[PDB]
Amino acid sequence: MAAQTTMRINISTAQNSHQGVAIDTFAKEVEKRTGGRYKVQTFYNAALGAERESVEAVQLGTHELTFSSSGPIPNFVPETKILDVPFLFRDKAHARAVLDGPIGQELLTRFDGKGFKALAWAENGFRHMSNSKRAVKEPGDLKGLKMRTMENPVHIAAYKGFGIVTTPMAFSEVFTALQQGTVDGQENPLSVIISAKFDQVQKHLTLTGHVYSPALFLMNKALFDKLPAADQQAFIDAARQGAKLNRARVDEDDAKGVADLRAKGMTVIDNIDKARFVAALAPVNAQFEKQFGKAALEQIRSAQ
């Protein structure tokens, strides 16, 4: 009898997180939907690499699958940059609808020519600013903060627009950098801040919600293409189910997160005027309009 094929998938976050739910659900569904013919071993906390290294590894084929935020993706697939524009998405429902519908479907196609099968869009969440130095109540309070960023050119340009001094770093370095005070802060969804225990190394958090962070199930293209057609469908369907449970965990994290982090001693600013943060980014946003075009930005904004 043919040997079960085993593949590996990893993330940079904890098993007990929104992304751990994503990959564990995916793995369970692949095994079920392929009648046990495929099995997926799951790795966490940047085992097998943090996100950029892992996306590269999947492209090379050194392991088969990864689940990553959109953060490091533009280096590989430039077309996703528009998703990383600050304040583009009104809320999670808007973002999820865009990604699941034809706009997001078109973006999945852009991975094919770069050596991936992008199985499905999933979610990291809306990102929020934390730091060790001071409470952030207005955009001016961000000026001069030394902040870690992802390896993403849109985020870096945007945050420089707030006067932040940016340091791109792989996620596997971040807890220690915060602890050592190399940087004052970072930015991430509540799902990450909670699961990574950043309350232990960050006194301040503001719910700026300044960008939406999608995530992706990625597979090596050559490997995906060699699967029998029915198993290709099983992998896609498993990824979509992983996205569903992932998003549900994000919802739970976002609902409980302010109370959870306050109880852990963080000062959490959840009353800001977001419109002032948008206004502060006007010059950078004018650049993004020139870069992406009004047509593409309005196409996303129009979405229901």
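Residue indices: 1-based, along the sequence shown.
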{"item": "Residue stretch of maximal mean CA temperature factor, 122-130 vs 136-144", "value": "136-144"}
{"item": "Which of 1-9 and 294-302 has higher mean CA B factor, as the PDB entry lists it", "value": "1-9"}
{"item": "Most elevated Cα B-factor in the entry, residues 186, 213, 195, 180", "value": "180"}
{"item": "Given 262, 240, 52, 276, the residue at which the Cα B factor reaches its maximum", "value": "276"}
{"item": "Chain-wide C-alpha B factor ranking for residue 84, given as lowest, middle or highest third", "value": "lowest"}
{"item": "Residue 32 by Cα B-factor - lowest, middle or highest third of the modelled chain", "value": "highest"}
{"item": "Record-listed C-alpha B factor of residue 270: chain third", "value": "highest"}
{"item": "Relative C-alpha B-factor of residue 244, binned into the chain's lowest, middle or highest third", "value": "middle"}
{"item": "Ranked C-alpha temperature factor of residue 94 among modelled chain residues, by third", "value": "highest"}
